[PDB]
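Just below is one structure, and these are the notes that go with it.
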Amino acid sequence: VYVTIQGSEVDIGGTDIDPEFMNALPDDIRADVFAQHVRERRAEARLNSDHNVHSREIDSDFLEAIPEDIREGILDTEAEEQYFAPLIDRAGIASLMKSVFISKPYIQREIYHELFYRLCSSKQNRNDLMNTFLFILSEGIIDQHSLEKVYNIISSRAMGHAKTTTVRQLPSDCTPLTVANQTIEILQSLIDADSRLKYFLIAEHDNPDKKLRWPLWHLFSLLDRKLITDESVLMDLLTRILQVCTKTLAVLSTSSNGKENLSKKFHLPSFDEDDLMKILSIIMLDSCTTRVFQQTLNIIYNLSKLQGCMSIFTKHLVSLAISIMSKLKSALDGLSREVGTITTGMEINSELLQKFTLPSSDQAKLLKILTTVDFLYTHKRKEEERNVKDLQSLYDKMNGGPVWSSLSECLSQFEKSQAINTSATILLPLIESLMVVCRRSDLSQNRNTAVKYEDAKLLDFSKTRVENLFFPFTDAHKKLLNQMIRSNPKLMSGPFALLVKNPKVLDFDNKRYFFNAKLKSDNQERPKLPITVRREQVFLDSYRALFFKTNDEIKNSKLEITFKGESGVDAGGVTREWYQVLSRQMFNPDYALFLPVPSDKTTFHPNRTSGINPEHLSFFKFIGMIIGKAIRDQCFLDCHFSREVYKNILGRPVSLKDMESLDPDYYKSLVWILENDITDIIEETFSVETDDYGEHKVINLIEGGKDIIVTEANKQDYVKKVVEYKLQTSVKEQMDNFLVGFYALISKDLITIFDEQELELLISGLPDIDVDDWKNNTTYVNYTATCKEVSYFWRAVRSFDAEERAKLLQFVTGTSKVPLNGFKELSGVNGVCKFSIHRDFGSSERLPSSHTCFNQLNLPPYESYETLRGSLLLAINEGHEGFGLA
C-alpha cells in the first residue's frame with residue numbers, strides 16, 4: 001500500500017507516481033526524484049485546471065509528516081515560490097563570484113565552499129551559481145583576453161550595471177588556469193556534497209548547439225581545450241564531476257524501461273558520435289593518469305548503459321587502436337634493428353628509447369584502449385553473460401597481428417643480445433597489452449597438443465587470431481619472460497597474472513618463489529605445538545602424540561618439539577632430522593601402509609592394499625599433512641612415491657608408461673594388449689582381476705567390466721582401466737585422506753600450478769648430477785659416444801640447467817634422485833641396471849622416449865643440435881599426452 005522514499009511512508013495508492021520504476025533506485029535517488037515530481041505536479045495542481053484526485057496535494061499527511069526537507073522542498077518553496085528566502089540578491093552572486101579571480105592557497109578556499117553550499121536551497125541562487133560557473137568555464141578561460149571580458153561582465157553585474165565599463169584590469173597574476181582550477185574545485189565540491197545540481201546539469205533548461213539547452217555540454221567543450229587537457233589536476237576534477245553526472249544519467253534510463261516520464265519530461269540528453277569521442281579522447285591524453293583513467297572508465301561504463309552507446313564506443317576504440325598500431329609497428333621495427341646492432345658498449349638511441357619509456361607513449365595508450373574494452377565487456381557481466389567470442393572479434397578487427405609479430409621479433413633480439421638497455425621491461429606495457437587480448441579468452445585444450453617440435457623462431461602472428469596467440473607467444477619467449485619475472489616477481493601479481501594459465505612456461509625456480517610467498521609467507525605468528533618423540537619410535541611417538549589434533553593449528557603453530565630420542569628441540573639439526581626421517585618411518589613395511597615400488601626398493605608406494613594396515617586412515621592422513629608442513633615450512637622428506645601419485649596429488653589423468661615401471665610384465669602384456677601382439681589373441685574377459693587374498697573376483701571395473709571382453713576393439717579401454725585401477729583404484733579411497741591431510745595443508749589451487757617432476761623436486765631436494773659419471777655408468781646402444789647426435793646431445797646435457805637436467809635424469813630414472821656412487825648403483829626394477837641409450841630409430845626425427853623400468857632411453861637420430869635440444873626439452877618437461885598418457 002505504501003512505498004518508502006529514503007525511509008518515509010506514503011500511500012502510493014492515493015498518489016500518481018508509479019513505484020515500480022522507483023524501487024529500482026537504491027532508496028536514495030528516489031528521495032530527490034520524488035521531490036521533483038512532488039513540486040512540479042503540485043504546481044500543476046495549483047495552476048492547471050482539471051486535476052484528478054490521486055494527487056490530492058499528496059495529502060497533508062505527506063506534507064506535515066513527510067521528511068522536513070521535502071516539506072520545505074514543497075511548503076517552504078511554496079511559501080517562497082512567489083522567511084529562509086534568498087540571502088543575497090543576484091548581484092551578490094556576481095560580487096561573490098569574483099572570488100575565483102583572487103588566486104589564493106587552499107584552506108582559504110573552504111569558506112567559499114561552505115558558503116556556496118549554504119547559498120543553495122534557493123532555485124534563484126542555485127540556477128544563478130551554475131550559470132555563472134558555466135559562463136566562466138565556457139566563454140572566459142580561452143585567451144586571458146577573454147578572461148578579462150568575462151571578468152568585466154561579472155564585476156559590472158556585481159554593481160548592478162550590466163552595461164560594461166571601466167575596463168577593469170585583472171590582478172595580472174590571474175591566469176585562465178587559476179580561474180579554471182578554482183571554479184572546478186568549487187563546482188566539484190557542490191556537485192559532490194549537495195544534490196540537485198546533478199539534475200540541473202543533465203536536465204534541459206530551455207534558455208542546435210545543445211549548450212544553451214543542456215548545461216552538461218559546457219563541460220564537454222572543456223574536453224577539447226588544450227588548456228584543460230594539458231593539466232592532470234583539472235582533468236581529475238572534471239572527470240570526477242562527470243563520473244557523478246553520468247552515473248545518475250544511466251540509472252534513470254535503466255529504471256524507466258517502461259514509463260519514462262523523465263526521458264519524456266527532463267528529456268534525458270542524447271549522445272552523438274562526436275560527444276562520445278570527446279570522452280574517449282581522454283584516455284589518449286598525455287595527462288591521463290591512473291586516477292583519471294579509472295574515472296574515465298567509470299564514465300564510459302555509465303554512458304555504455306545508455307542506448308546506442310556500446311556500439312559507438314566499440315567502433316571508436318577500434319579506430320583509435322588501429323590508428324595507434326601503425327606507429328607501434330614502426331617504432332618496434334626501428335628498435336628491432338637497433339637492438340640487433342648495439343654490439344657492446346653502445347646503447348639505444350635515446351630518442352628511439354623515449355617512445356617506449358615516457359608515460360605518454362603509444363604502448364601505454366594501447367594498454368589503456370585494450371583495458372577499456374576489457375572493462376566494457378567484463379565489468380559487471382557475471383562471467384557467463386560475456387560474449388567473449390564477440391570480445392575476440394573486436395581484438396581481431398584491430399589487425400594487431402603485425403604488432404604482436406613485431407613484438408615477438410623485438411623480444412627475440414633482447415634474448416640474443418648483450419645490451420645495457422636490454423631491459424625488455426620497456427616493452428612491459430606492450431607485453432601486458434597482449435595479456436588483455438587473451439585474459440578473457442578460453443585458452444583451454446589448445447595447450448593439450450604436444451608432439452609439435454621446434455617449429456618456432458619464424459612464427460608470424462599476423463593472423464593467428466586471439467585464441468591462438470597466448471600459448472605460441474609465451475612458449476616462444478619463455479626464457480625472456482622468466483628472466484623478467486626473476487627480477488620483478490610482483491609481475492605475477494599484476495600484469496603477468498595471466499601466466500598462471502600457462503604454468504608450463506613458468507620455470508621451477510620462479511614457480512617455487514611465487515608459490516611460497518603467496519601461500520606460506522601469508523601465515524606467521526605461529527604458536528607452539530611441540531611433541532616429544534623417540535628417535536626410534538619417531539612416527540608413532542609423534543602421530544599418537546596428537547593423532548586427532550586440529551588440522552589448522554598444527555600447521556599454523558610452530559613445532560618446537562622437545563623429543564626424548566636425543567637432546568634438543570631446534571637450532572642445531574634436531575628439528576630438521578625429525579622432518580627428515582619421519583616419512584622414513586611412515587613407509588615402514590611393518591605398518592604396511594606403503595610398498596617399496598615393485599620396480600625399485602629405494603622408491604616407495606602407498607601399496608595396493610595400503611588400507612590393509614590395521615591403522616591406515618590415521619596413518620595416511622598423517623603422511624598427507626606431514627608433507628604439507630615440511631613443504632610449507634621447509635626441508636625435504638625424501639621419497640619417490642610414483643608419477644601417478646604426484647598426478648593424483650594434482651588430480652590429473654594418469655599414463656600407461658607408469659605401468660612400465662609399476663608392473664613390467666603387466667605393462668608388457670598391457671602394452672601387448674593395446675598393441676605389439678593383439679589380434680584378439682590376448683582374449684580374456686574385461687575388467688581387472690580383483691585380488692582378495694588370492695581370490696580374484698575381477699570386479700566389474702566399469703558397470704559391465706566382466707560384461708565386456710578384452711577384444712581388439714575394446715583392448716584400449718580395457719588396458720586404460722586396468723592401468724587406472726592398478727594405479728589409482730588399487731589404492732582408490734585410502735589415498736583420499738592422504739589427499740585431505742595435504743590439501744588441507746597446501747590448498748589444491750596453489751598446487752595445480754606445479755606439475756609432476758616439479759612437485760617432486762619441490763618435495764625432495766633438487767639433486768645434482770656428474771656428467772662424467774654419465775659417461776662410464778652408461779651404455780651406448782647402436783651409437784658411438786661421438787657418432788654425431790650423441791656428441792652434441794652431451795652438449796645439450798651441458799647447456800641444460802639443474803632444473804632441466806634433473807628432469808632429464810627423471811626422464812630416464814623414473815622419479816628422480818641419484819643412486820649414489822656416481823649412478824653406478826643403477827637401481828632398476830630387478831634392482832640393478834645401467835643407463836641405456838637405445839637408438840630406436842623409429843622416425844628418427846620424432847620426439848624421444850624412455851623406459852625407467854630398465855633405466856632405458858630412446859634417441860631418435862635427428863640431425864640437428866637445435867632440433868634435438870627442443871625435442872629433449874619438450875619430452876623431459878612434458879608430462880601429459882607425451883611422456884604422459886600414451
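Scheme for the C-alpha cells: letters A, B, ... for chains in order shown; per-chain residue numbers from 1; ligand numbers from 1 in order shown.
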
May I have the residues within 10 Å of residue A:713 as a PDB file with C-alpha atoms, in the first residue's frame, using only C-alpha atoms and disregarding those fewer than 4 positions away in the same chain?
```
ATOM      1  CA  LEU A 674      46.937 -52.315 -26.753  1.00  0.00           C
ATOM      2  CA  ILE A 678      46.882 -58.153 -30.096  1.00  0.00           C
ATOM      3  CA  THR A 679      44.523 -59.678 -32.645  1.00  0.00           C
ATOM      4  CA  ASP A 680      42.050 -60.891 -30.023  1.00  0.00           C
ATOM      5  CA  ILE A 709      35.606 -58.882 -23.078  1.00  0.00           C
ATOM      6  CA  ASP A 717      39.696 -49.126 -22.951  1.00  0.00           C
ATOM      7  CA  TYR A 718      40.325 -52.349 -21.035  1.00  0.00           C
TER       8      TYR A 718
END
```

Stretch 246-336 of chain A near stretch 25-43 of chain A within 10 Å: what's each residue's closest atom pair and its distance in Å to one decimal, counting only C-alpha atoms, ordered by chain then ascending residue number, as a tab-separated table?
```
residue	atom	partner	partner_atom	distance
A:248	CA	A:29	CA	8.3
A:251	CA	A:25	CA	7.5
A:252	CA	A:25	CA	8.4
A:254	CA	A:25	CA	9.6
A:255	CA	A:25	CA	7.1
A:261	CA	A:37	CA	10.0
A:262	CA	A:33	CA	9.3
```

Within 6 Å of stretch 51-59 of chain A, counting only C-alpha atoms, which residues show up once you throw out same-chain ones fewer than 2 positions away? Write them as a ChimeraX atom specification, please. /A:14-16,49,61-62

List as a PyMOL selection string the protein and nucleic acid residues near residue A:172, meaning an atom at most 12 Å away when only C-alpha atoms are counted, but skip any in the same chain fewer than 4 places from it. chain A and resi 101-103+144-145+147-148+168+176+178

Save out the residues we just selected, N, CA, C and O atoms, as a PDB file, in the first residue's frame.
```
ATOM      1  N   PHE A 101      38.838  34.963  -9.038  1.00  0.00           N
ATOM      2  CA  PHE A 101      39.941  35.755  -9.565  1.00  0.00           C
ATOM      3  C   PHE A 101      40.875  36.251  -8.470  1.00  0.00           C
ATOM      4  O   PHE A 101      41.645  37.188  -8.700  1.00  0.00           O
ATOM      5  N   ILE A 102      40.835  35.631  -7.296  1.00  0.00           N
ATOM      6  CA  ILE A 102      41.529  36.109  -6.106  1.00  0.00           C
ATOM      7  C   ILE A 102      42.575  35.073  -5.724  1.00  0.00           C
ATOM      8  O   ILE A 102      42.759  34.771  -4.541  1.00  0.00           O
ATOM      9  N   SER A 103      43.241  34.509  -6.731  1.00  0.00           N
ATOM     10  CA  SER A 103      44.037  33.298  -6.581  1.00  0.00           C
ATOM     11  C   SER A 103      44.724  33.234  -5.227  1.00  0.00           C
ATOM     12  O   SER A 103      45.491  34.129  -4.857  1.00  0.00           O
ATOM     13  N   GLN A 144      42.994  34.567 -21.867  1.00  0.00           N
ATOM     14  CA  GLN A 144      43.460  35.562 -20.902  1.00  0.00           C
ATOM     15  C   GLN A 144      43.122  36.962 -21.402  1.00  0.00           C
ATOM     16  O   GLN A 144      43.303  37.947 -20.680  1.00  0.00           O
ATOM     17  N   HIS A 145      42.618  37.060 -22.631  1.00  0.00           N
ATOM     18  CA  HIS A 145      41.950  38.252 -23.121  1.00  0.00           C
ATOM     19  C   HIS A 145      40.440  38.105 -23.070  1.00  0.00           C
ATOM     20  O   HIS A 145      39.732  39.112 -22.972  1.00  0.00           O
ATOM     21  N   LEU A 147      39.297  36.170 -20.585  1.00  0.00           N
ATOM     22  CA  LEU A 147      39.152  36.208 -19.135  1.00  0.00           C
ATOM     23  C   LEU A 147      38.805  37.611 -18.666  1.00  0.00           C
ATOM     24  O   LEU A 147      37.926  37.797 -17.820  1.00  0.00           O
ATOM     25  N   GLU A 148      39.491  38.618 -19.207  1.00  0.00           N
ATOM     26  CA  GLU A 148      39.164  39.993 -18.856  1.00  0.00           C
ATOM     27  C   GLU A 148      37.744  40.342 -19.269  1.00  0.00           C
ATOM     28  O   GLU A 148      37.037  41.046 -18.538  1.00  0.00           O
ATOM     29  N   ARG A 168      38.025  47.334 -16.207  1.00  0.00           N
ATOM     30  CA  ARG A 168      38.688  46.795 -15.023  1.00  0.00           C
ATOM     31  C   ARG A 168      39.762  45.775 -15.384  1.00  0.00           C
ATOM     32  O   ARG A 168      39.494  44.809 -16.104  1.00  0.00           O
ATOM     33  N   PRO A 176      43.918  32.049 -16.885  1.00  0.00           N
ATOM     34  CA  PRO A 176      42.797  31.134 -17.126  1.00  0.00           C
ATOM     35  C   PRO A 176      42.981  29.813 -16.402  1.00  0.00           C
ATOM     36  O   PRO A 176      42.006  29.182 -15.985  1.00  0.00           O
ATOM     37  N   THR A 178      44.294  29.451 -13.356  1.00  0.00           N
ATOM     38  CA  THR A 178      43.909  29.596 -11.955  1.00  0.00           C
ATOM     39  C   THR A 178      42.400  29.735 -11.810  1.00  0.00           C
ATOM     40  O   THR A 178      41.793  29.150 -10.902  1.00  0.00           O
TER      41      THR A 178
END
```

Name the residues in contact with residue A:801 at a cut-off of 12 Å, using only C-alpha atoms, excluding same-chain residues fewer than 6 positions from it; report them as a list in words.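 Surrounding residues, per the criterion: residues 507, 508, 509, 766, 767, 768, 769, 807, 808 and 873 of chain A.
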
What would the file look like if the residues just selected were written as a compact mmCIF listing (two decimals), in the first residue's frame with N, CA, C and O atoms?
```
# COMPACT_ATOMS: atom_id res chain seq x y z
N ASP A 507 59.25 -21.32 -15.20
CA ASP A 507 60.30 -22.24 -14.78
C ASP A 507 60.09 -22.64 -13.33
O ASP A 507 59.24 -22.07 -12.64
N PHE A 508 60.85 -23.63 -12.85
CA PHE A 508 60.64 -24.13 -11.50
C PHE A 508 60.94 -23.06 -10.46
O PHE A 508 60.14 -22.81 -9.55
N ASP A 509 62.10 -22.41 -10.57
CA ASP A 509 62.53 -21.51 -9.51
C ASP A 509 61.55 -20.37 -9.32
O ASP A 509 61.18 -20.03 -8.18
N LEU A 766 66.28 -30.76 -4.71
CA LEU A 766 66.70 -30.89 -6.10
C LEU A 766 68.07 -31.56 -6.15
O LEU A 766 68.98 -31.16 -5.42
N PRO A 767 68.25 -32.59 -6.98
CA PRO A 767 69.54 -33.29 -7.00
C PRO A 767 70.56 -32.61 -7.89
O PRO A 767 70.25 -31.64 -8.59
N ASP A 768 71.78 -33.13 -7.88
CA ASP A 768 72.84 -32.64 -8.76
C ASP A 768 73.50 -33.85 -9.39
O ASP A 768 73.57 -34.93 -8.79
N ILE A 769 73.99 -33.66 -10.62
CA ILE A 769 74.49 -34.76 -11.43
C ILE A 769 75.95 -34.50 -11.81
O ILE A 769 76.42 -33.36 -11.83
N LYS A 807 65.15 -33.23 -14.51
CA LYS A 807 64.09 -33.85 -15.31
C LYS A 807 64.69 -34.86 -16.29
O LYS A 807 64.15 -35.96 -16.47
N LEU A 808 65.80 -34.50 -16.93
CA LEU A 808 66.46 -35.42 -17.85
C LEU A 808 66.82 -36.71 -17.13
O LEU A 808 66.60 -37.81 -17.65
N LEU A 873 63.95 -31.18 -24.55
CA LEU A 873 63.35 -30.29 -23.57
C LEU A 873 61.85 -30.54 -23.48
O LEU A 873 61.28 -30.64 -22.39
```

Which residues are near stretch 366-382 of chain A? Cut-off 9 Å, only C-alpha atoms, ignore same chain within fewer than 3 positions. Put them as an NGL selection string. :A and (283-284 or 293 or 297 or 300-301 or 304 or 310 or 313-314 or 317-318 or 320-321 or 324-325 or 362-363 or 385-388 or 391 or 394-395 or 429-430 or 432-434 or 436-437 or 439-440)

Enumerate the residues of stretch 186-368 of chain A with a DSSP assignment of alpha helix (DSSP H), computed from the backbone, and present them as a compact mmCIF listing (two decimals) with C-alpha atoms, in the first residue's frame.
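Saved the output as part_16.txt:
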```
# COMPACT_ATOMS: atom_id res chain seq x y z
CA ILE A 186 34.12 24.76 -6.20
CA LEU A 187 31.93 23.01 -8.77
CA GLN A 188 33.13 19.57 -7.71
CA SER A 189 32.58 20.43 -4.06
CA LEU A 190 28.99 21.48 -4.75
CA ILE A 191 28.12 18.56 -7.05
CA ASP A 192 29.54 16.04 -4.60
CA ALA A 193 28.36 17.45 -1.27
CA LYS A 198 23.32 16.91 -10.86
CA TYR A 199 19.73 17.13 -12.10
CA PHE A 200 20.22 20.79 -13.03
CA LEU A 201 23.25 19.85 -15.13
CA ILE A 202 21.62 16.97 -17.00
CA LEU A 216 26.32 19.43 -19.39
CA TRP A 217 27.73 20.21 -22.83
CA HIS A 218 29.56 23.18 -21.36
CA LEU A 219 31.82 20.64 -19.65
CA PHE A 220 32.12 18.58 -22.84
CA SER A 232 46.31 16.46 -14.68
CA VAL A 233 44.60 18.33 -11.83
CA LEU A 234 41.77 19.97 -13.80
CA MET A 235 41.14 16.73 -15.69
CA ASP A 236 40.87 14.83 -12.40
CA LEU A 237 38.09 17.07 -11.07
CA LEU A 238 36.42 17.48 -14.46
CA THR A 239 36.20 13.69 -14.60
CA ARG A 240 35.04 13.32 -11.00
CA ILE A 241 32.17 15.63 -11.94
CA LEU A 242 31.21 13.57 -14.98
CA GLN A 243 31.53 10.29 -13.07
CA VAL A 244 28.62 11.55 -10.95
CA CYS A 245 26.59 13.42 -13.56
CA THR A 246 26.87 10.33 -15.80
CA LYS A 247 26.07 7.69 -13.17
CA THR A 248 22.69 9.28 -12.47
CA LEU A 249 22.04 9.75 -16.18
CA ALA A 250 22.42 5.98 -16.59
CA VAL A 251 20.35 4.88 -13.60
CA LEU A 252 17.35 6.92 -14.72
CA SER A 253 17.24 5.31 -18.17
CA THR A 254 17.58 1.79 -16.76
CA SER A 255 14.93 2.27 -14.08
CA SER A 256 12.41 3.75 -16.51
CA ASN A 261 8.45 10.42 -17.95
CA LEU A 262 11.97 11.54 -17.05
CA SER A 263 13.14 10.55 -20.52
CA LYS A 264 10.00 12.30 -21.81
CA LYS A 265 9.96 15.10 -19.19
CA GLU A 273 29.28 10.08 -32.17
CA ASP A 274 31.43 13.15 -31.55
CA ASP A 275 30.38 13.57 -27.92
CA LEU A 276 31.45 10.03 -27.01
CA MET A 277 34.65 10.54 -28.99
CA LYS A 278 35.49 13.53 -26.79
CA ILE A 279 35.17 11.35 -23.69
CA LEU A 280 37.23 8.58 -25.25
CA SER A 281 39.91 11.10 -26.20
CA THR A 290 45.84 6.23 -13.25
CA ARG A 291 43.15 8.16 -11.36
CA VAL A 292 41.86 9.98 -14.43
CA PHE A 293 41.82 6.62 -16.18
CA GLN A 294 39.63 4.89 -13.58
CA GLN A 295 37.16 7.77 -13.53
CA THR A 296 37.06 7.82 -17.32
CA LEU A 297 36.43 4.07 -17.30
CA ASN A 298 33.50 4.56 -14.93
CA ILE A 299 32.12 7.32 -17.14
CA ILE A 300 32.48 5.08 -20.18
CA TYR A 301 30.63 2.25 -18.44
CA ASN A 302 27.83 4.56 -17.32
CA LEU A 303 27.40 6.02 -20.80
CA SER A 304 27.53 2.47 -22.18
CA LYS A 305 24.49 1.61 -20.07
CA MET A 310 28.01 0.46 -26.70
CA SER A 311 28.48 0.09 -30.46
CA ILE A 312 29.71 3.67 -30.82
CA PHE A 313 32.25 3.15 -28.04
CA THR A 314 33.47 -0.11 -29.56
CA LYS A 315 33.84 1.35 -33.05
CA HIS A 316 35.71 4.37 -31.72
CA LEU A 317 38.04 2.21 -29.64
CA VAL A 318 38.77 0.00 -32.64
CA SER A 319 39.56 3.03 -34.80
CA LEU A 320 41.77 4.53 -32.09
CA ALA A 321 43.77 1.33 -31.68
CA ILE A 322 44.12 0.86 -35.44
CA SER A 323 45.47 4.40 -35.67
CA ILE A 324 47.90 3.71 -32.82
CA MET A 325 49.02 0.31 -34.03
CA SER A 326 50.62 1.76 -37.17
CA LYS A 327 53.12 3.79 -35.14
CA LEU A 328 53.92 0.90 -32.80
CA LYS A 329 54.76 -1.32 -35.77
CA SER A 330 57.21 1.32 -36.99
CA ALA A 331 58.66 2.13 -33.56
CA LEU A 332 59.21 -1.55 -32.81
CA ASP A 333 60.79 -2.27 -36.19
CA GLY A 334 63.34 0.50 -35.72
CA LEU A 335 64.08 -0.86 -32.27
CA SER A 336 64.37 -4.43 -33.56
CA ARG A 337 67.09 -3.25 -35.94
CA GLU A 338 68.82 -1.06 -33.36
CA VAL A 339 68.95 -3.78 -30.70
CA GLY A 340 70.46 -6.15 -33.26
CA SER A 350 67.68 7.74 -26.60
CA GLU A 351 65.10 9.19 -28.98
CA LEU A 352 64.02 5.70 -30.04
CA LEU A 353 64.01 4.55 -26.40
CA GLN A 354 61.96 7.61 -25.43
CA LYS A 355 58.97 6.38 -27.43
CA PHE A 356 58.80 3.31 -25.17
CA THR A 357 59.60 4.77 -21.73
CA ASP A 362 51.77 4.73 -27.50
CA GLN A 363 52.25 1.42 -25.71
CA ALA A 364 50.52 2.95 -22.69
CA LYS A 365 47.78 4.23 -24.99
CA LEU A 366 47.28 0.75 -26.45
CA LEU A 367 47.18 -0.72 -22.95
CA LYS A 368 44.55 1.84 -21.93
```

I'd like the neighbourhood of residue A:799 as a ChimeraX atom specification, where a residue qualifies if any of its atoms comes within 12 Å (using only C-alpha atoms), though same-chain residues fewer than 6 positions away should be ignored. /A:771,792-793,805,865-866,869-870,872-873

What does the structure give for the distance between atom CA of residue A:783 and atom CA of residue A:862, in Å to one decimal?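 Answer for the atom CA of residue A:783 to atom CA of residue A:862 separation: 12.9 Å.
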
By how many Å are atom CA of residue A:604 and atom CA of residue A:642 apart?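 Atom CA of residue A:642 lies 7.7 Å from atom CA of residue A:604.
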
Between atom CA of residue A:431 and atom CA of residue A:396 - distance in Å to one decimal: 17.2 Å

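Closest approach to residue A:483 from the set A:342, A:595, A:829, A:506 is made by A:506, with distances taken over only C-alpha atoms.
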
For the contact check between stretch 450-527 of chain A and stretch 734-746 of chain A, emit one row per residue of stretch 450-527 of chain A within 12 Å, containing the shortest atom pair and the distance in Å rounded to one decimal, counting only C-alpha atoms, chain then rising number order, as a Markdown table.
```
| residue | atom | partner | partner_atom | distance |
| --- | --- | --- | --- | --- |
| A:515 | CA | A:746 | CA | 10.2 |
| A:516 | CA | A:746 | CA | 10.4 |
| A:518 | CA | A:746 | CA | 11.4 |
| A:519 | CA | A:746 | CA | 8.0 |
| A:520 | CA | A:746 | CA | 9.0 |
| A:523 | CA | A:745 | CA | 11.7 |
```
